[PDB]
Each structure stands twice: as C-alpha cells, then as structure tokens.
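A.B. asks: What follows is a structure written as structure tokens; I'll ask about it next.
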Amino acid sequence: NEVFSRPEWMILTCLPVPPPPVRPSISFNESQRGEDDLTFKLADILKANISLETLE
Amino acid sequence: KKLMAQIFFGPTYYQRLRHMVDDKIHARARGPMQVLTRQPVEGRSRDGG
DNA sequence: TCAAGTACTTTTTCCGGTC
RNA sequence: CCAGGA
DNA sequence: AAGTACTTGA
C-alpha cells in the first residue's frame, strides 16, 4: 500500500527505540540496576552499529 | 427415636491430609500490580488476584 | 514434468519450594 | 524448572 | 503427529 506499507519499508534504516515502560528495570535495593533483556539487546545493536559506523 | 435403618458401624483407619482450608482460602479486591503489564500480581502468597 | 524427500511449523484445562 | 492439588 | 510449503531427482 503506497501510504501505510511500501515494500522499501521491510528494510530497516532508522530503528525505533521503545521507551522504558516496555523494557523496565527491576530496581532491587537502592544502588543496583536490573536492566531488561531488551535494554541489553539494544546496547548490543548500538555497539554493533558504532563499530560498523567508525569502520566505514 | 430408633432409626428405621441399621448403620454399618465400626473403627476404620482414617488419614489427615496436607490440604487444609485455611492455607487455601484467598480473597482480593485491588492489590499489588505487576510492573511491566500493570496487571494484578500472581498467587495467594503475593496477595494476587 | 511429478513422486518423494526436505525444512519447519504447531499444540497440550484451572489452582507451593528453592533457585 | 521441580513437586503437588480438582 | 500431522500438517503446509518448498525442493529435488526421474
């Protein structure tokens, strides 16, 4: 569909970052993180992207 | 008054089992909610819904 | 071209411990 | 997961 | 355990 789903959009260029309510941290005690798997996996994507970006 | 029926009566070895009503009974009406889904928590233990 | 093989998919009622 | 209940 | 979907040899 020319408005809502062009085939060019099945390929990702600009990746949406979901907000904390989707990937909350399990904030045990006071000074202890507990970040969601999605928060970790996102950093992996970030890290992978920076390596590639600098590389080229 | 005598019962019109005669009852089969005598000793029988009965066992007390681990399932007692008071450790089972549970009621909730607004309580703790999960963080992610913002829905009622699970189990009697946690005062779940 | 068309049988037979391949990958890969898919489910299964409701209600403590120890980790 | 593991153990159990209807 | 039983399917669709796709691939492979005659």
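For the structure tokens, the naming scheme is as follows: chains receive sequential letters (A, B, ...) according to their order of presentation, residues are indexed from 1 within each chain, and ligands are indexed from 1 in presentation order.
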Give me, as a list in words, the contact residues of chain B against chain A at a cut-off of 10 Å, counting only C-alpha atoms.
C.D. replies: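 Those within range of chain A come out as residues 35, 36, 37 and 38 of chain B.
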A.B. asks: I need the chosen residues saved as a PDB file, in the first residue's frame, with N, CA and C atoms.
C.D. replies:
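Dumped everything to part-v1.pdb:
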```pdb
ATOM      1  N   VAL B  35       4.866  -4.833  37.271  1.00  0.00           N
ATOM      2  CA  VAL B  35       5.470  -3.581  36.794  1.00  0.00           C
ATOM      3  C   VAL B  35       5.238  -3.460  35.294  1.00  0.00           C
ATOM      4  N   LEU B  36       5.609  -4.519  34.539  1.00  0.00           N
ATOM      5  CA  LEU B  36       5.530  -4.492  33.087  1.00  0.00           C
ATOM      6  C   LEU B  36       4.125  -4.255  32.590  1.00  0.00           C
ATOM      7  N   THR B  37       3.235  -5.246  32.821  1.00  0.00           N
ATOM      8  CA  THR B  37       1.864  -5.252  32.351  1.00  0.00           C
ATOM      9  C   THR B  37       0.931  -4.395  33.165  1.00  0.00           C
ATOM     10  N   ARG B  38       1.340  -3.966  34.376  1.00  0.00           N
ATOM     11  CA  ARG B  38       0.485  -3.137  35.238  1.00  0.00           C
ATOM     12  C   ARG B  38      -0.860  -3.849  35.586  1.00  0.00           C
TER      13      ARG B  38
END
```
A.B. asks: Going by DSSP on the backbone, which bits of chain B are helix (DSSP H, G or I)? Write them as a ChimeraX atom specification, please.
C.D. replies: /B:21-23,44-46
A.B. asks: Please produce a file of the residues just selected, as a PDB file, in the first residue's frame, where the atoms kept are C-alpha atoms.
C.D. replies:
```pdb
ATOM      1  CA  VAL B  21      -8.951 -24.950  54.104  1.00  0.00           C
ATOM      2  CA  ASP B  22      -7.217 -22.144  55.913  1.00  0.00           C
ATOM      3  CA  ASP B  23      -3.999 -22.497  53.856  1.00  0.00           C
ATOM      4  CA  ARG B  44      -2.285 -16.272  47.152  1.00  0.00           C
ATOM      5  CA  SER B  45       1.271 -15.883  48.542  1.00  0.00           C
ATOM      6  CA  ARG B  46       1.734 -12.445  46.881  1.00  0.00           C
TER       7      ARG B  46
END
```
A.B. asks: What gap, in Å, lies between atom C1' of residue 16 of chain C and atom CA of residue 15 of chain B?
C.D. replies: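 Taking atom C1' of residue 16 of chain C and atom CA of residue 15 of chain B, their separation equals 21.5 Å.
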A.B. asks: Fewer than 3 positions away in the same chain doesn't count, so skip those; otherwise give me all residues within 12 Å of residue 6 of chain C, counting only C-alpha atoms (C1' of nucleotides), as a ChimeraX atom specification.
C.D. replies: /E:5-8
A.B. asks: Output the selection as a CSV table (one decimal), in the first residue's frame - C-alpha atoms (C1' of nucleotides) for each residue.
C.D. replies:
```csv
chain,number,residue,atom,x,y,z
E,5,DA,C1',5.4,-25.2,2.0
E,6,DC,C1',9.0,-25.8,-0.8
E,7,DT,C1',12.8,-28.5,-3.0
E,8,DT,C1',14.8,-32.5,-5.5
```
